[PDB]
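One chain is shown next in structure tokens, namely the form deposited without this ligand.
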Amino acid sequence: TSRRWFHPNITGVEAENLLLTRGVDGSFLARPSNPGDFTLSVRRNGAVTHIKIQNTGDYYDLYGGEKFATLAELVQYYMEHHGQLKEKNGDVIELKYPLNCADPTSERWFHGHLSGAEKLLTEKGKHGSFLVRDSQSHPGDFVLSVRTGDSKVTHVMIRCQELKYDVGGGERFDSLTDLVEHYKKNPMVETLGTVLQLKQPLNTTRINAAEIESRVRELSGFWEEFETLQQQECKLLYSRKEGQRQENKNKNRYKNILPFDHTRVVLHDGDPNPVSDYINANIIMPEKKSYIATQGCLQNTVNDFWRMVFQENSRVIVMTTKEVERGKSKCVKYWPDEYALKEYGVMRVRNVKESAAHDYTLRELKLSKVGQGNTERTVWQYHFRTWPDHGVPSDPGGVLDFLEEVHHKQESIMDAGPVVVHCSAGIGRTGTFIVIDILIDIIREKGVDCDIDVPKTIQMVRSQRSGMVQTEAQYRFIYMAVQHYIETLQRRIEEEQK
């Protein structure tokens, strides 16, 4: 869609002035920061109301509202459901008109201060590759550089006249984004007939895995790269109708954090005597090893969880949360005690042995269908217990050691199904763990000298489940986990050499 309602470089007073001069009653905007959190500024009856949105790494928690996977899903929900958002008193807050941001800093095509850019379009660029940079000679103006061929880099001047942008004729646009989007749909034609088609921006995130230390150093950067990735979320507003059904409302831990219809795990062989095909879970495919990203079990969904594990032929479970965190339920006990046997509907689970490490507990479980012999399989449960209540761990060593053991178990089991990964909502920690495993797996196969793209991988995983990887802290942790993994392999090679 757009995501123009989010202003990345704004203050509380600037937000109030914009809503009172450029907006009307029902106008709204989202803004960052109190660092780490977000604020929803809404105009109501000639006054500005600020609603706090907090995210510790699990979900976007709007004060006196609901929990959401993305800020785009939060906005889409209240724009479609008017009588849902209310104050502490009970007075309804209406989200009617989004206030568009003119700042192009969070755009993929915007490079700000590149110099007369041709080399970057020659080395990285392809046919239709384009970038927008600040003008060197005339301050305030901009330059559009576009590559065309099988052959040439064409420069188009963008003038800034009375807070409006133009290419020297035609229409005058309020922002750089409006100019870019118009000339993307209606392309520019050169004097000799060459079409200046704007198909894709220049990729500046892809790095060679061996050169991770240098990129992390330059990003220490991480905020600007993450916000650019966050701006892409408006393109991931896929259908979630199955989870929105009244039959499935109590099957979701959080009413709004729902699985996409195109990737959801569809359950079969259910009880005929309502809906028996639903579970808040999605099949994650890296575009070898597949994953099922799901929420923490609810007592009414424990039977559906085991139905999924059996149906999908899954042999490894990754639990990245404690049962209770900060006195709040995050996941119910879906496994029996050590040496005990428990029946969960049509499924039977046996806890063979519990092996405890400092960061995790390994539980050897035996899953089978009640009434059938030769249906039994070993399901290995890896329960990470040291992850902090808020934020991410300071050292990625424990997570990497855990994931390396998870990988080695999956690889050792012949004909094993997708790896079940879950936390509370199944998006924050779950998303972080899956992304780290995908990126590390590229290095496992291709070696230290291979191309890796952190935001591209996150965007691909986000198209399969709503808001995979929740915070900038998690985003930073993904980079630090890859860097630590590269460092360990580098030392192991040097140990053999020396």
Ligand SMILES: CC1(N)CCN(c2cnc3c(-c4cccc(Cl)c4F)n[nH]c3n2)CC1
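All residue numbers are counted from 1 along the displayed sequence.
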Legend entry - Missing from the model but present in the deposited sequence, between residue 116 and residue 117: 1 to 3
Legend entry - Unmodelled deposited residues flanked by residue 150 on one side and residue 151 on the other: 4 to 9
Inset, instruction - Give the stretch, out of 248-256 and 170-178, with the larger mean C-alpha temperature factor in the deposited entry. - result: 170-178
Legend entry - Stretch with the higher entry mean CA B-factor, where the candidates are 370-378 and 206-214: 206-214
Inset, instruction - Compare the CA B factors listed in the entry for 86, 353, 315, 330 and report the winner. - result: 86
Inset, instruction - Tell me, please, which of 467, 46, 32, 455 has the highest C-alpha B factor according to the deposited entry? - result: 46
Legend entry - Assigned third (lowest, middle, highest) for the C-alpha B factor of residue 480: middle
Inset, instruction - Report the third (lowest, middle or highest) to which the CA temperature factor of residue 429 belongs, ranking only the modelled residues of the same chain. - result: lowest
Legend entry - For residue 461, the third of its chain into which the C-alpha B factor falls: lowest
Legend entry - CA B-factor placement of residue 61, once the chain's modelled residues are sorted into thirds: middle
Inset, instruction - Give the position of residue 97 by CA B-factor within its chain, expressed as the lowest, middle or highest third. - result: middle
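Only in words, not in the display: the form deposited with this ligand bound, which the text now covers.
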Legend entry - Sole residue of 315, 264, 350, 111 within 4.5 Å of this ligand in the bound PDB entry, by heavy atom: 111
Inset, instruction - Could you spot which one of 204, 197, 368, 136 gets a heavy atom to within 4.5 Å of this ligand in the bound PDB entry? - result: 204
Legend entry - Stretch in contact in the bound PDB entry with this ligand, which is absent here, among 342-350, 275-283, 224-232, 151-159 (heavy atoms within 4.5 Å): 224-232
Legend entry - Touches this ligand in the bound PDB entry: residue 455 (any heavy atom, 4.5 Å): yes
Inset, instruction - Please run the contact check for residue 107 against this ligand in the bound PDB entry: heavy atoms, 4.5 angstroms, yes or no? - result: yes
Inset, instruction - Spell out, yes or no, whether the shortest heavy atom distance between residue 56 and this ligand in the bound PDB entry is within 4.5 Å. - result: no
Legend entry - in the bound PDB entry, residue 49 touching this ligand (heavy atom, 4.5 Å): no
